Structures are given as structure tokens and as C-alpha cells.
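These notes concern the structure reproduced below.
Cβ sites come from the backbone with ideal geometry, for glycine too, and all protein chains shown count toward neighbours. Each answer follows from the model by the rule given with it, or from the source it names; nothing here is a laboratory result.
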Amino acid sequence: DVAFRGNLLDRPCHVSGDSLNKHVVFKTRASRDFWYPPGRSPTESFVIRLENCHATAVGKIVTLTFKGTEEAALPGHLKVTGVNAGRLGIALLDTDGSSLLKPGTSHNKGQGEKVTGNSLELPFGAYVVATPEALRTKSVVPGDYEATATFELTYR
Amino acid sequence: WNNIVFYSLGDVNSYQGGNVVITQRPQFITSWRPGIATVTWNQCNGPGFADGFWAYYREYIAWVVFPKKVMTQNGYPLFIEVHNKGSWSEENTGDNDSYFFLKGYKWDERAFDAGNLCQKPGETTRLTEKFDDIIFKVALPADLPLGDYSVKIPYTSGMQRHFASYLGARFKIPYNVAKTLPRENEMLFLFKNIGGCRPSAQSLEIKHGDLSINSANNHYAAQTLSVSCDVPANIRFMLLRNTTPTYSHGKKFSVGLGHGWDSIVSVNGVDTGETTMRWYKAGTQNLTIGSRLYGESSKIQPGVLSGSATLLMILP
Amino acid sequence: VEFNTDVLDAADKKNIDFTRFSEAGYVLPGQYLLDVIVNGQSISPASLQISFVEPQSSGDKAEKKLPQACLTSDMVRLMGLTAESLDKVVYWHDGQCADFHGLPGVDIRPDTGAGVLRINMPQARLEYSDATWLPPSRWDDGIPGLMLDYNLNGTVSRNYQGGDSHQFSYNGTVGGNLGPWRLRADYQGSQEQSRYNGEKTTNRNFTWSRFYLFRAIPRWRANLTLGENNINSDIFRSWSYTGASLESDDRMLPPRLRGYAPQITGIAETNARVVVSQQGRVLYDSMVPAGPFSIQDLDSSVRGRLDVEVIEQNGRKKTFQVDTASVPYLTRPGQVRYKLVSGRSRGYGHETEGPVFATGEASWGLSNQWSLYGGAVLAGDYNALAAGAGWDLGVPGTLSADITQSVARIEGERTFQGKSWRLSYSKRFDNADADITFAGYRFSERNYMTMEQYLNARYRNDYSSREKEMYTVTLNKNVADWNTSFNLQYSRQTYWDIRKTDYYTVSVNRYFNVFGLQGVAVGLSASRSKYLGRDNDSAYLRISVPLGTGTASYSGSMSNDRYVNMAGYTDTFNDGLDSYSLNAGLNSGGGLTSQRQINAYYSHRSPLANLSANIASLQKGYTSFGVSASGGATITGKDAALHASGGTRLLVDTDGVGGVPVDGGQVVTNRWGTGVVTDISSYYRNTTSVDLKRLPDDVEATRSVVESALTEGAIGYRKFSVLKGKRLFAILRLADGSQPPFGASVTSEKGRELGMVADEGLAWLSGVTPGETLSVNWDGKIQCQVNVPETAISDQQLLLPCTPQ
Amino acid sequence: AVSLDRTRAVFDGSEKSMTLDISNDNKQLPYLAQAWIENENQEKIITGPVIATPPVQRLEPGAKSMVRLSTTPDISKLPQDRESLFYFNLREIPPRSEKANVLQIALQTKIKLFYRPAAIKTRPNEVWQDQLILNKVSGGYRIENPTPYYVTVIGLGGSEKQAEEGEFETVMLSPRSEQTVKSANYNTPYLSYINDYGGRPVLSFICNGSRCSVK
């Protein structure tokens, strides 16, 4: 009797194992830090882990772009979705820390992407900011605010 | 006086036995044929010629000597035994090599003819006597290998004549000179052995998944093949190499599935390649064809892996 | 735990439910394709439909529940459940969720993550149904039709008396299956002719050996047999008869349940894990129920020590060795084995009649590893009661015995009363491997009379050959690292008015190698029949030397002062189907003559029929060249066919293709599009698949494996959706230049689907021979014809014209 | 977070349902992966040609699950002489934490679902990318796709250190078409690509000045 052995196989293009419970918090007040001119909370540095089977490049394997709901009163920001509905916004920074990128544009490859071995760490900065129509009029209230940003890793 | 002249037949009959199993016993017909025949044993104690003018009694008894055990062309015994003996009279069954069949069809008649009462060994006469049939079932032995067979059974079947001179004469040939008769009549029979051993699946498909490379470096895929017998044989199977293996994994039977991916075959847990099992009666057993996919020297090249490993079961 | 579905799931809410799965770990009711596992095995290989819907059956105040697998009646019909005894799945309609609350211990854990549906049930709630045994509610019975099985061997001959060569064998097996009722008629004869100078004799004998009907019965798990057959040499010897026979079959019974092995008993504390190894291989590894347990399902092949080990849930152990007997009459504890046979006694002629009888021979075992076995033979002028028990004592071996009080009333005013008893013995696996396979002792009398002696005494006046005593001892011994199968045996029979007959047969199967590969076998034997004055010292010798590509054999034999030797070269060919031998021999007999045998053969296992030729010659008989044909046919099926049988046959139907190879016996099909595989066993799981590597390049097989279990002597239907032809795209250009809409079913003239059109003539037609005309059918009617040239090859986008009519 | 073993799922026209397994690398908190299949212009067509059989499914920490893709008449209402593209994407919803002022991140993936019809069904190791040709443009290059399957180039270079390591933007190729790509002129450009399986082989192009292909 012929016992031929046939199969299929693949390789796991996925995320690394160092940072699983990644949730950034903000220990900043709302009634004091958002009633004066600049309305910003301190930046919280968080990184994005990448253990793929080929660490030769970044744009030739992963086209990182991020989506989500956009803030109406603030162009270039995300919706906060909480007690301060429309009064606060979500800012986001790249690896250089100065390029205030847009909700829907792709990540600019070629810069600030240190290939630490077979991994690929992408540090990002995000701090909650207020819309100037609610900042100057001082209509923001203190409370709980939970925002969510979706980062699609559309591969090649 | 009592004269006996043995006259043996010359029939060479054939029959195809078909494709049988070891537990199955094929039945065959050994007919009586009234054809050409030749003398094999001559005696003279009384007169040598006759003109038919004296009183002489006649009797004629059939003589069939068939073998019980018979060796093969490879040296195996075939226990041929009777289920129905026909209208004959089987006697002297205490012998180990041969049966002795008899039939009294002509046992009391007076003749009036001019003949030769004791013929020489170079003699041929006419024989036209329709007799009853006889039948046998070949009870095959336990151990018998695969293939075709050309077994010939030795048999002396032939009408003897008993010449006497008085009314009420009873005389048969003694069995040791009847069993030390020449190997004249053969039988050309062929029968194909398909073997008592057979698997139940007849093709092995092992459902192993669409997996990642980290679990591809060490994975276990198992499939059980059930072999079911009704004979106490001791089988042996060889995992025959069919495709090209890539990596030299030592003593372990590596099956290269292609695209830089070998896989060893683990029969019953260990990587032996061949195992040893004894069976004692009718039943079945299980053999797990395990597979370990470590065919990697850390130069990974993913492809469709579709090798083969045919196992052939040979009866030793 | 509540999830973050309040932010977004998508741009809009999908409105299904969004909190229920979060708190209840609930699965969404949809169309899933799952594999259903019942107690570790699978009821289907590629199971398509498993539905999930929400049960709105039970009313409540909270109304928060979990969905379950909505199994309909067909997959619970093929689940192997005993619906006859438990009618809790009979009454179920497909509208509501099928609950299994009426049965105890049934848990259904649907884990869609692993793609499996595990169902765990107690063994008494369902049938046997393992990986190789389909249940008795699903037996693929035969289709109506007949069969012919021929065996012909014609040969020539050469003698010393003139010139003579004309011989033709005639064997055969006909029959017709009419539903479950199966007819069988085996005819065997011969056709010989002799042409001497002064005499030309010939004869033509042909006789129907056996006429019988047999209908398999699943409910009783035993086959009745009406017609002619024999009663095996069980207590009484072989005696032919015509009539009815309700014999208990063993092939209808599972293969791990055949024969004898005792049930493992004991009650320790909980759901333990049993493990029983015979020689380094586990025969049974599962979880027993909590409390008392008894394994009636283990009745496999074991002839010695078996350390049946129990391992509990906490980790406690207990070890005890139990013992088997393997005697021919003790069976499974709880179930029976029987033979209910009746009819008229056949003599030697075909139209021979006689007395009418009713003989019942049964064997039943109580469950304290004991068993009784009785026989009640009763005819109008002859009665014979047989009764007796057999039991395994364990450590001193095993016993069995019976009493037989036969009363024989002959018509000569002599009533014959005889009480004959016989005893049986065997032995287990010793440490130094001593095994007594059989040890009998038959105490009979001057007045013993079985059925065959009463048959010979009623009309043929035979009054000889009755056994007084018959006792044999048969020890068998194997030895590791020596590999010699020692088996000495000695019997001493004694007949009435005849003296004693002592037998002495020793044998040894030596297995070792010198200058060759391992697998070389050496056989030796010695036979000695001891009478009062003579001792027939017979000795047969066997030498078998294989070398992979060659298998040489040497056989020496000596009946009585005749040293006869033979040397063989039997071997297969490179394909495995053919085989050829070349063998010579020497025959130096006691009768002053030295003969030289020469035998050769050349077989060829062709897929239409088996064929072989044989060269055979000796001294005083020369050059007998012959041709042996052995094949068979199956007419009244779908189409007729021709094959490589002694029973059941599966009919594989692959329409349109001429030469597709099927597995089992490597049988190819014919011009009519059918084939019949013959190397199949009865009542087993038969996976008849095509050999997917050796197909022709013009044909393709979409799905290859189909499943069913055939009855003994049945013909089974298996359709095969195969296709023959090329791969094309017929870009159509009509008379007006248009293109018709979708659903244009392109169909061949034989009645086979080829494909359909998508939007503008891009119809992928598959399985088309070059040089035909098809039927493109849209709106349920024929509208246009086409014409394919011979020039069309595979993977083309050829300019096909659609000529209308 | 979830993980996908496929870098591009290939769906052959023979079997009506392929399997596609996902896993859960987290061992502290669960997740629920919900999936859908888009097309070339990227919209959530809820009742399109191919549908993911589990729409929303809870995943235990450390567990794994499969997402099967069933078959409708709309995949027959697609071209058979070429392939078809589809975008399989999936989101993950994490559980609501009790802490306040927490910003959440969803590390999601979108994969290319390659529908392959049964009419152009391929052999297990038939590399159709061997038939690819490249033409020289005065200021760059143009790659051509004669094969009816979707292929993807990722880099061109002269030596082994600069094709898949250089600063080069990748491009998607369509069946029976072509497109221009600006790059430096190489005498022997080796084709660095990614197949449907997931591996990254390399193959050389030997030309006669303008048009090149394999040996």
C-alpha cells in the first residue's frame, strides 16, 4: 500500500514577544492643563514590535498605515469618544517626534527605523490635545476618556 | 493359485486453482478417466497362457492411492484431506503418506476366453470403466509466502487384475508394495496465493495542517493503519524509499519531501524503519506512522512538501 | 469581561449583538463547516454542514442562553447511534436546536477554533463504530445483477506411448445477487481427448459442485444459508448435506472482537486509564467509567502474559496479570455463538436424498470467564446429544471437555448407544517460551457413532475405521537471537480391529544468514509413523535464500527411500504484477529409476484478467506447455466489465475515461467506462481511490475518495465525477454577432456538463475531446451548436465558431 | 494580538473552501477577531463574492482559530482567464480596562486574498514567474506580466547587498499588463520577488540590450 505524504506550509509574518499589554495612560488634569494657551499633556513614548521572517527592509515587507475616526474640530487628529465629546483631540507623532502626521497617510519609511537584530522597533509619541474652540472658551470638563487608534499592517 | 498384475493409468489432468486466501481451502475434482494405461507390476505363479478351456474365477478391484501430505516447489506441506470420499471404500487410514481407496465392482464372474494371464511390463490393453468421482479440499498451512505455485502431487491410480482358480477367492495387494509403486501419474495444477495478510486502508492520507515555520521545525503527524488477519503468521514490512532524500540524517529513515524538507518516519514511536510483530490467532493490530518534520539545517526554503514512502508487506 | 466595542467595529454598527459573546463566550449562529468527532474517531472524513442557530424553544424571564450544534436527522443517522433502542433522535424536526438532554453523560463542547466538534458519549448509548468499522445500520448491500468467474487451464502433453496432446480444464463459479439474496453455483469439470494411432478416446465430464443461497442478516449478525454446504470438523467430522444453515458469522463481528480474551474486571476507585501491553505495544488505552467497569470490547489476539495496568485519576497504580485460553470453543463473556442447521443429508451424487435432521450446535459463555458448549443433533432414525464446558483456570493452563451420548437405531434391529468423551488442553507464555498450542485426548468406545459413520452404515454397509483413542500433544517453541521455530508433536490413534498408529513429526524453521542478507530461511522436518513393526522415517528439507532481486529456493524430500531434491528460482518482475520461476529437480526413487523434473512458469497479472503460462517436464512425462487463464465478469450492473474473486466485489464507475487506474489490484477501466476492484474484504471500511500520480495527461479526477462498507458477496455502487479532454475558452461569434446571457450550460452529446458562460463568451469548458460538436444550452433549451477542431490543445483561447441549426 | 501565517492567502478554484488559521499570542487578556473581505477599491462588501464564515469570534488567551472562506455564485461571476484580487482584513477588540484616561492601540493586519480560478490551476512547484520579462526605458525600467497570475516585485539590484536592502518602493503587478518603474540600469538584474507561497527566491535575467528573461 502506498503511503505518500503530502502537505502545505507557511511562515509567520507577525508581531514580536516583548510588549503585549500595551496601553498608554495619561496622568494629566483637564480643568487646569486645558484652560490656558497651549493645551497639551506630556508625551508617552510607546514602541511597535515587529518579528518578521525577513528583517532586510521595512517598506518591502510591511506598508504601515493607520486608520480610525477623525476629529471634526481638529484636522489631523482622532476622536476621543467620551465625556469631552468634540472638546478634546488625539495627536500622534512619528519616530522623529516632530512630524504631525494625518489619520490615513502612510508611515514615511527610510528614517528612524532601527533594525535591532531580526526585530523592527517603531517608537511613537501620542499626547491628548484640546480643540482651540473649546480651549479658549474653556468648556472642557474633567472625567474619563478612552480613545482607540487602529494600525493596519497591510503586508506585501 | 493367485496371480496379480497391476495396470496403472496414464492420465495427466489439469485445473487452475484460482486466487485463494490462506484460510480458504480450495476444492477440486480428481476424476476417473478411461484412457491409455500401462502395466507397472507383473507376477506369474500359475500358468502363462490360456485357451479358455479351464475353469477360472474373475474379480476386479479398483486401486486409488492418493497422497495426504505433498511438498511444494519451495518445500511446504499441503495437508490434503477428505470431506466426502464418494462411493468408494476408504481403508488403511493409519498410514501417514497415503490414503487407500477401493471399489468392488466386479467380484464374481466366470470367464471363457483365450488370453495372456500374466503380461510382461511392456504391455498396453483397453480400459473402459466409468467410475464414481472423488473430492478433496487443500487445507493450506499457516506459513506460506506470496505468489504463484506449481505443486504436483504424486499419485498411483490404476485398475489391477486378480487372476485365480477357485470360487470365493479374496486377495488384495499388500500396502507396502502398493505404496512403493512408481511415480507415474502427475497432475498439472496451479493456484495463486494472494496472501493471508492485507491492510485495511490501502492508501494513507495523513491530515496535517497549514502550519507556521516555528512549528514546522518540529511537528508530529500520526496516522494508524490497521492490518487484520485470521492466520498466525509473523509479518515484516519494509518502508521503501521512493523519492529523493535531501539531508543525511544518519540511521534514521529520512524521507525527503522536496524543496529542502526531509521528514523521518516513526513506526510505533521509534525511528526504526522496520519492526517485529508476532501474531498468534485471528484478529487485528495497529501501527502508528508518526512523522517528525525536522529536515532543516537552518537554511529555510518554504515550498509544497509532497514526498512518498511506500511500505510493502513481505511474508518471510 | 466587557469589550471596547463602543469606539468602532467598522464605520457603522453591524447590528448583530455585541455584548452577549463578551459575557457568555458565545459563538455567532451562522453557516459553519465542522468536523464532528465522536469519542476520538470521526463519523465523516470531509463533513460539510454543521448548522448553528439560536434556540428560542425554552421560555424564561432572563432569556440568555448558549447555542448548540443543530444536528439534523441524517448526520445523527450516520453517527452510529443506536436510535432503535433510544428513540430520542427519531422524533426530531429540523426547525429547533437538537438537544441531547434525554441521554445521560452526553456533553457537546463546540470548539470552532480547532475546527472539531467533539461529542463524548457512553459506550452503551451508541454502537461500536471505530476508524475501520462502519456500523450495522449502514451496510452497502448489493445491487441486482449476476456474475461469472472462470478458471481455465489448457495444456498439451507428451508421453512415451505414441503421440498425445489434447487437454482442457473447466472450472467456474456463477451466481446472481438479487437484493440481499445471493445465489452461488460453482461448476467444475474437465475436457480431455486422446489420439493414439489405433485408438481415439475422449470424454466430457462437467458437474455442478454446489448450489446455495445465502442472505446476510445484520440484526442477528449471522448469515443464513439455504441450499448446499458442509458442516466443518468441529465435534463431528465433515458431512455433506442440503438444507438450511443459520451459522453465526465472525466477519460480521468486529476484528478486535474475534476469538477469545477475557474481560478485565475490577472496581478500584474512579475513571481510570487502562493500559495493556502484550510485547511492547498498547492494545487498549482509554478512560473507563467511574466505579465499576468491565471491558467487553477487548477480545483481540493474545496468547500469553498481559500486564493489564490501571492508572487512576490521582495517580495510583495496580498491576495484575490475567490469562487467556485460545481453546476452539470458549467465547466472549455475555454473547453467544451458534449453528442452527437443518435439511436433508447429501450422499455423493447430486440428487442424493436421505433422512431429515435438526441439529443445533451452540456455544455460550457466562461471565466468570467460563463457557459451556452444546450440540443437539436429532434426525428421525438417529439422535446425538453433545454437551460440555470449557474454562480457563489461569496459571496451570486451560481445560475443555464434553460428553457425547449418541443413539443409533439401525434397521437391522441393533440399537447403538455410545457415550464418548474428549478433553482439550493448552498452555500460556512461559519465561523460556514454551507453548503447547493444542493437547487433546479422545476417549471413545466400541459403540460410538457420529453422523458420517451412520451415513456409511445406512446404505453403503461400511463398518470400519472408528477411533478408540486419539491423543496428541503439540508444543511450539520460539527463541530470540536464534530465531528457530521448534514444534514437536506426537499422536497415537487406534482403530477398531486395527492396531495402534504412533506418529512423530518434528520441525524447525531456522532463520540466520551467512554471506547474504538477513531474511534467509532454513527449514527442516522429520516425520515418523510407528506401526508394530515398521517406522516410516520421512524427512523434508527446505533452503530459501533471498537476495532482493532474486529469491532462490532449494527443497529436499524423502518419503520412503526416495531422496528427491529440487532447486528453484521463483521471483517477481520489476513491476510487481508479473512473476517467473525456473526450477529443476532430481527424483531418485526406490523403483530402480532416476528421474529429472523441470518446472517453470511466467505469470502476468493483467488488469482485464489474470494470465499465466507454465513449462513443466519430467522423465517419462515431457514438455507439458500450458496456458492458464483466470478472470471474471460482472454483467447487469451499469455496464459489463472484466476483472481479476472468491466473494465480494466493488464496482467503481468512472464514465467517459478508458484507462484510469484504481488501487487494490491495479485494475484499469474499459471502453464502456467501468471497472471492478476485487481485492476487498467484507464488512470493512473500503477506501477505493484512484492512483492520482499515474493518470493519463488527457484526463483529470476531481474528487478521488468515496466511502461505504460492502456486505459479503455484494456489488457496490460508487460514482466518480471524472473528466476527459482539454482546457479551453470558446470565444463565441454568433450569426448576428451577439453573446447570450448567463446559465448557458455547455453540454456534450453523451449527457455530461462542461461549464457555463460568465459575461461575453469567456466560458471555461472542461473535459472536451478534439473533434466533436456540443450543446450550449441557455433558457432550458437548445439554441446553438459548435464545432471543435482536432488542432485544439490545452491552455488555449482559440477562435471557436458557433454554427446554429 | 492575533497573528497570521499567510502573507497572501491563495484561493484555488477547485476547492470551495480553504482554511486560514489565526492564533492568539497574548496570554493575559482575550480578544475577538472580526474579519471581512474587501476588493481593489477597498470597501466592506458585506455580501460580496467571498465571505468569512465566522463573522465575530471570541479568542481565548493562548488559543488559536480558523477563518474559512466559503463559495457563492459571484466568484463564478469573475473572469476565468486571469486571476482576481481581494483584500482580507481583520480588526481586534480588546477588553475595556477599569483605568481612566487610557489610549488604546489596535495592531491590525490586512492581507491579500488571491483568488485563482480552476481553469488556470497550477502545479505545486510550478514557478510561473520564470516567464517574466523586463524592458529598458531611457530613464528607468518597465516590467511586463505575460502570465495570468498576480505577481509582486520588491527590488532590483546588481549585487546581493542592494536589491532587498536598498531604498526602493515596491509595486503591484496586474495580469496581462505592464507598468514603468524608475531604477538604475543594471547589466544583469536579478529578479527579487515574493511568490504566493511566502518565500523570497531570486532569479537572474540575461539580456541582449533591451529585453531580458531567464536562461
The stretch C:418-454, residues that are assigned to a loop (DSSP other than H, G, I, E, B), within 35 Å of the chain's Cα centre (by Cα), of a type outside the set (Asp, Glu) and within 21 Å of C:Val506 (Cβ to Cβ):
C:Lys427, C:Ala434
Of all residues in the stretch A:1-46, which are buried (at least 20 other Cβ atoms within 10 Å of the Cβ), part of a loop (DSSP other than H, G, I, E, B) and within 14 Å of chain B (Cβ to nearest Cβ)?
A:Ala3, A:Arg5, A:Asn7, A:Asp10, A:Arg11, A:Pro12, A:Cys13, A:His14, A:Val15
Go through the stretch C:25-56 and report how many residues are touching a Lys or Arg at 6+ places or on another chain (Cβ under 7 Å) and among the small types (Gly, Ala, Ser).
1
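Determine, yes or no, whether D:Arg123 is surrounded by fewer than 16 Cβ atoms within 10 Å (Cβ to Cβ), within 14 Å of chain B (Cβ to nearest Cβ) and of a type in the set (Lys, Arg). Steps first, answer last, please.
On the way: surrounded by fewer than 16 Cβ atoms within 10 Å (Cβ to Cβ): yes; within 14 Å of chain B (Cβ to nearest Cβ): yes; of a type in the set (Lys, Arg): yes.
Yes.
Which residues, counting only those in the stretch B:1-18, are part of a strand (DSSP E or B) and at the interface with another protein chain (Cβ under 7 Å from one of its Cβ atoms)? I'd like the intermediate steps shown before the answer.
Taking the stretch B:1-18 as the starting set, the residues that turn out to be part of a strand (DSSP E or B) are B:2-9, B:13-18.
B:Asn13, B:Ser14, B:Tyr15, B:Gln16, B:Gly18, listed by residue number.
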Looking at (1) part of a strand (DSSP E or B); (2) facing another protein chain (nearest Cβ under 9 Å), can you tell me which one C:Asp561 breaks?
(1)
Hey, does the stretch C:32-42 have a residue that's among the hydroxyl-bearing types (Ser, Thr, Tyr) and part of a loop (DSSP other than H, G, I, E, B)?
no
Considering the stretch C:776-791, residues that are part of a loop (DSSP other than H, G, I, E, B) and buried (at least 18 other Cβ atoms within 10 Å of the Cβ), and then whichever is farthest from the chain's Cα centre (by Cα), we arrive at C:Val786
Here are some conditions: (1) under 25 Å from the mean Cα position of the chain (by Cα); (2) within 30 Å of C:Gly145 (Cβ to Cβ). C:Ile231 meets all but one. Which one does it not meet?
(2)
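May I ask you to verify whether B:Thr124 is closer than 25 Å to B:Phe49 by Cα, surrounded by 17 or more Cβ atoms within 10 Å (Cβ to Cβ), in the same structural domain as B:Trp54 (by TED's automatic domain parsing) and not aromatic (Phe, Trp, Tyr)?
yes
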Among (1) in contact with a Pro (Cβ under 9 Å, 6 or more places away or on another chain); (2) more than 10 Å from chain B (Cβ to nearest Cβ), where does C:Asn223 come up short?
(1)
Restricted to the stretch B:269-316, and to residues that are more than 12 Å from chain C (Cβ to nearest Cβ) and not in a loop (DSSP other than H, G, I, E, B), which residue is farthest from C:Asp250 (Cα to Cα)?
B:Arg292
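Within the stretch D:87-120, count every residue that is within 13 Å of chain A (Cβ to nearest Cβ) and either in a strand (DSSP E or B) or crowded, with 19+ Cβ neighbours inside 10 Å (or both). Reasoning before the result, please.
Filtering the stretch D:87-120 down to residues within 13 Å of chain A (Cβ to nearest Cβ) leaves D:87-114.
Next, only the ones that are either in a strand (DSSP E or B) or crowded, with 19+ Cβ neighbours inside 10 Å (or both) stay: D:87-95, D:101-114.
Total satisfying the criteria: 23.
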Checking D:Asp196 against (1) surrounded by 14 or more Cβ atoms within 10 Å (Cβ to Cβ); (2) touching a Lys or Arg at 6+ places or on another chain (Cβ under 9 Å); (3) outside any loop (DSSP other than H, G, I, E, B), which single condition isn't satisfied?
(3)
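Would you mind stating whether C:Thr773 is in contact with a strand residue (DSSP E or B) (Cβ under 8 Å, 6 or more places away or on another chain), more than 14 Å from chain D (Cβ to nearest Cβ) and assigned to a loop (DSSP other than H, G, I, E, B)? Full working, then the answer.
Details: in contact with a strand residue (DSSP E or B) (Cβ under 8 Å, 6 or more places away or on another chain): yes; more than 14 Å from chain D (Cβ to nearest Cβ): yes; assigned to a loop (DSSP other than H, G, I, E, B): yes.
Here the answer is yes, as C:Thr773 does meet what is asked.
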Answer residue from the stretch D:166-196, given it is touching a strand residue (DSSP E or B) at 6+ places or on another chain (Cβ under 8 Å) and at the interface with another protein chain (Cβ under 9 Å from one of its Cβ atoms) and is farthest from D:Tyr115 (Cα to Cα) among those
D:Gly166
Going through the stretch C:274-293 in order, the residues found to be of a type in the set (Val, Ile, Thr) and assigned to a strand (DSSP E or B) are C:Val274, C:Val275, C:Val276, C:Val282
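Among the residues of the stretch B:174-197, which ones are charged (D, E, K, R) and assigned to a helix (DSSP H, G or I)?
None - no residue of the stretch B:174-197 is charged (D, E, K, R) and assigned to a helix (DSSP H, G or I), so the list stays empty.
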Keeping to the stretch B:227-254, report how many residues are within 14 Å of chain C (Cβ to nearest Cβ), crowded, with 18+ Cβ neighbours inside 10 Å and in contact with a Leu (Cβ under 8 Å, 6 or more places away or on another chain).
4
Out of everything in the stretch D:33-42 that is farther than 13 Å from D:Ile75 by Cβ and under 17 Å from the mean Cα position of the chain (by Cα), what residue ends up being nearest to the other protein chains (Cβ to nearest Cβ)?
D:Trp36
Could we say that C:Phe515 is more than 10 Å from chain B (Cβ to nearest Cβ), more than 39 Å from the chain's Cα centre (by Cα), of a type outside the set (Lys, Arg) and over 14 Å from B:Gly94 (Cα atoms) here?
yes
For the stretch D:1-32, enumerate the residues that are farther than 23 Å from C:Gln31 by Cβ, part of a loop (DSSP other than H, G, I, E, B) and within 12 Å of chain A (Cβ to nearest Cβ).
D:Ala1, D:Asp5, D:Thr7, D:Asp25, D:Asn26, D:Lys27, D:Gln28, D:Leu29
Within the group B:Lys120, B:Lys152, which residue is among the basic types (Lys, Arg), under 24 Å from B:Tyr57 (Cα atoms) and in a loop (DSSP other than H, G, I, E, B)?
B:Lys120
Could you list all residues from the stretch C:611-646 that are assigned to a loop (DSSP other than H, G, I, E, B) and at the interface with chain B (Cβ under 9 Å from one of its Cβ atoms)?
C:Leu618, C:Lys620, C:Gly621, C:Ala644, C:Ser645, C:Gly646
Consider D:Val181 carefully, then state whether it is outside the structural domain of D:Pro49 (by CATH), surrounded by 13 or more Cβ atoms within 10 Å (Cβ to Cβ) and out of contact with any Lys or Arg (no Cβ under 8 Å at 6 or more places or on another chain).
no
For the stretch A:59-88, enumerate the residues that are more than 10 Å from chain D (Cβ to nearest Cβ), under 18 Å from A:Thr105 (Cβ atoms) and in a loop (DSSP other than H, G, I, E, B).
A:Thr69, A:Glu71, A:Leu74, A:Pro75, A:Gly76, A:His77, A:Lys79
Top-ranked residue of the stretch B:173-205 - restricted to ones that are surrounded by fewer than 16 Cβ atoms within 10 Å (Cβ to Cβ) and not hydroxyl-bearing (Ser, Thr, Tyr), ranked as farthest from the other protein chains (Cβ to nearest Cβ):
B:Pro174
In the set C:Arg694, C:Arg649, C:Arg685, the lone residue that is of a type outside the set (A, V, I, L, M) and either over 23 Å from B:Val21 (Cα atoms) or more than 14 Å from chain B (Cβ to nearest Cβ) (or both) is C:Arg694
